[PDB]
Amino acid sequence: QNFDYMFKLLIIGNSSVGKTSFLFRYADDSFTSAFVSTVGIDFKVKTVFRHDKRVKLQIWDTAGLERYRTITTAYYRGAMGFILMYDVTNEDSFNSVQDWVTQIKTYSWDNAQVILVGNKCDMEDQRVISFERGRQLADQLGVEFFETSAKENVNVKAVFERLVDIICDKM
Ligand SMILES: Nc1nc2c(ncn2[C@@H]2O[C@H](COP(=O)(O)OP(=O)(O)NP(=O)(O)O)[C@@H](O)[C@H]2O)c(=O)[nH]1
Ligand SMILES: [Mg+2]
């Protein structure tokens, strides 16, 4: 009664890339510099308004630590969308993207949508992955791409809005 659509979204990617911070910025417009790893999985709910429709988002923030790989992967079932995040200052996190893609292909719905996100783009002096490299990989994968900053609120809303739109279109 209260919404027109309800989408389960997951934020996945290596530990420390900024997944919790991404959700904190989107939902609460807040940021902390503290790094406290997520245990298991957590979620927030947010309702957005798009094309005179009410879209309820149930957004799951997954732990990136390998210790929680199995329990977070159990929640891929039923997800309509994924934010697949790496950190532009962490080459390992970028190298891990194909493995995350395989995990999505294995444990999610065939028609689940995916956006690749290179976070921490404010950290230009520590950057090791260029924008162009991120976009190149996204195009090889056939997915949309954004660089973001949870810290300075760059493109965070844009990612969620685009993900809602491509899920809606795929329907
Ligand atoms: N400069 C900068 N720091 C960021 C940004 N996003 C997150 N951080 C910092 O990166 C660290 C890890 O962030 P966090 O959101 O906890 O990462 P996570 O991906 O949720 N880690 P985990 O998978 O272990 O739960 C924190 O110190 C946080 O302040 C960003 O856009 N820019
Ligand atoms: Mg976290």
Side-chain angles (χ1 to χ4, degrees), residues 1-14 17-32 38-64 68-69 71-88 93 97 100-122 131 134-135 137-171:
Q1 137 169 15
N2 297 332
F3 50 82
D4 300 288
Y5 298 93
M6 189 290 206
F7 301 151
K8 171 177 175 179
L9 307 185
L10 261 69
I11 312 174
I12 72 180
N14 283 17
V17 302
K19 299 180 301 301
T20 299
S21 299
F22 204 79
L23 181 51
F24 200 41
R25 169 65 71 193
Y26 183 57
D28 297 354
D29 194 30
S30 54
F31 178 80
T32 180
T38 304
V39 169
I41 199 165
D42 192 17
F43 74 91
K44 289 202 170 73
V45 173
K46 184 168 177 57
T47 287
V48 302
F49 307 102
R50 181 76 190 209
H51 300 125
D52 285 345
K53 303 296 172 187
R54 304 151 293 170
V55 184
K56 180 181 187 192
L57 306 175
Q58 185 189 66
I59 306 163
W60 295 81
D61 175 22
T62 67
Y68 303 109
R69 193 59 45 80
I71 188 59
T72 56
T73 296
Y75 282 81
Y76 291 25
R77 196 154 160 95
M80 300 72 160
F82 292 81
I83 296 167
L84 198 176
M85 189 174 298
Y86 66 92
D87 169 354
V88 307
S93 75
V97 167
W100 290 115
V101 171
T102 299
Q103 198 79 340
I104 294 169
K105 286 174 174 181
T106 299
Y107 294 107
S108 79
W109 281 329
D110 273 1
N111 58 329
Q113 301 295 299
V114 179
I115 297 188
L116 184 63
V117 173
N119 191 44
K120 310 203 187 169
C121 69
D122 59 287
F131 185 98
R135 169 69 87 180
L137 176 58
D139 282 334
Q140 289 166 342
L141 299 170
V143 300
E144 300 256 357
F145 177 65
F146 296 82
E147 280 201 347
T148 63
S149 180
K151 181 164 185 294
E152 297 188 4
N153 196 20
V154 179
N155 284 336
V156 177
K157 293 175 178 181
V159 165
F160 280 100
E161 296 178 327
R162 188 68 191 130
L163 187 48
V164 166
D165 288 345
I166 65 179
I167 293 164
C168 292
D169 290 346
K170 181 77 193 175
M171 298 169 82

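Index from 1, following the sequence. FYI, side chains are in, hydrogens and waters are out, and symmetry mates aren't considered; it's all heavy atoms of this structure.
- Taking each heavy atom of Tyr26 and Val156 in turn, the nearest pair found is CB-CG1, 3.8 Å.
- Between the side chain of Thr148 and the backbone N or O of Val154, no donor-acceptor pair lies under 3.5 Å.
- Here the rule is side-chain contact (heavy atoms from CB on, under 4.5 Å) with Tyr5, and of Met171, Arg50, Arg54 only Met171 fits it.
- Screening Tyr76, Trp100, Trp60 for a ring pair (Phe, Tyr, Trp, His ring centres under 6.0 Å) with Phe82, the sole residue that qualifies is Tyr76.
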Legend entry - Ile83 vs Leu9, side chain to side chain contact (heavy atoms under 4.5 Å, CB included): CA-CA, chis, key distance, verdict: CA-CA 8 Å; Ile83 296 167; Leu9 307 185; 5.5 Å; no

Inset, instruction - Please assess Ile12 against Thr72 for the test side chain to side chain contact (heavy atoms under 4.5 Å, CB included), listing each intermediate value before the final yes or no. - result: CA-CA 9 Å; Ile12 72 180; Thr72 56; over 6 Å; no

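- Atom OH of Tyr107 is surrounded by 12 or fewer heavy atoms from other residues, nucleotides or ligands within 6.0 Å.
- Using a distance-only test at 3.5 Å, with no hydrogens or angles considered, no donor-acceptor pair links the side chain of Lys151 to the main chain of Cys121.
- Between the CG atom in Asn111 and the CE atom in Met80 there is a gap of 9.5 Å [rounded to 0.5 Å].
- Between the side chain of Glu152 and the backbone N or O of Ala150, no donor-acceptor pair lies under 3.5 Å.
- Checked by atom type and distance alone, the side chain of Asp61 never pairs as donor or acceptor with a backbone atom of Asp42 at under 3.5 Å.
- The environment of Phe145 atom CZ is dense: over 12 non-hydrogen atoms of other residues, nucleotides or ligands sit within 6.0 angstrom.
- Going from atom CD of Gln58 over to atom OG1 of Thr47 covers 11.0 Å, rounded to the nearest 0.5 Å.
- Residues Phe160 and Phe7 keep their aromatic ring centres 6.0 Å or farther apart.
- Nearest heavy-atom pair, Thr102 versus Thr106, reported as atom, atom and distance to 0.1 Å: O-OG1, 2.8 Å.
- Across all non-hydrogen atoms, the minimal contact from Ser21 to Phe31 is OG-CE1, 4.3 Å.
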Inset, instruction - Show your reasoning for whether side chain to side chain contact (heavy atoms under 4.5 Å, CB included) applies to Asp169 and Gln113. - result: CA-CA 10 Å; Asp169 290 346; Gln113 301 295 299; over 6 Å; no

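- Proximity of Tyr68 to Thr62: side-chain heavy atoms (C-beta onward) are nowhere separated by under 4.5 Å.
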Legend entry - Pair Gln140-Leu137, side chain to side chain contact (heavy atoms under 4.5 Å, CB included): steps then yes or no: CA-CA 5 Å; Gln140 289 166 342; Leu137 176 58; 3.8 Å; yes

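- Annotation: side chain of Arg162 is in contact with side chain of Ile115 (closest heavy-atom distance under 4.5 Å).
- Of the possible donor and acceptor atoms, none in the side chain of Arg135 sits under 3.5 Å from a partner among the backbone N and O of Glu144.
- Crowding of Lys105 atom NZ: a count of heavy atoms from other residues, nucleotides or ligands under 6.0 Å not exceeding 12.
- The heavy-atom pair separating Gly78 from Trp109 by the smallest distance is O-CZ3, 3.4 Å.
- You'll find the side chain of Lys56 reaches within 4.5 Å of the side chain of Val45, heavy atoms only.
- At least one side-chain heavy atom of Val97 sits less than 4.5 Å from a side-chain heavy atom of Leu84.
- The two residues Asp4 and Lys53 come nearest to each other via the heavy atoms OD2-CA, 3.4 Å.
- Taking each heavy atom of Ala63 and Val39 in turn, the nearest pair found is CB-C, 4.5 Å.
- In this structure a side-chain-to-backbone donor-acceptor pair under 3.5 Å is present from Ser93 to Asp87.
- Two residues are said to be in side-chain contact when any heavy atoms from C-beta on lie closer than 4.5 Å; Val114 and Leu141 fail this criterion.
- Judged purely by atom type and a 3.5 angstrom limit, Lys120 has no side-chain atom pairing as donor or acceptor with the backbone of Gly18.
- In this structure, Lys8 contributes its side chain and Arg77 its backbone to a donor-acceptor pair below 3.5 Å.
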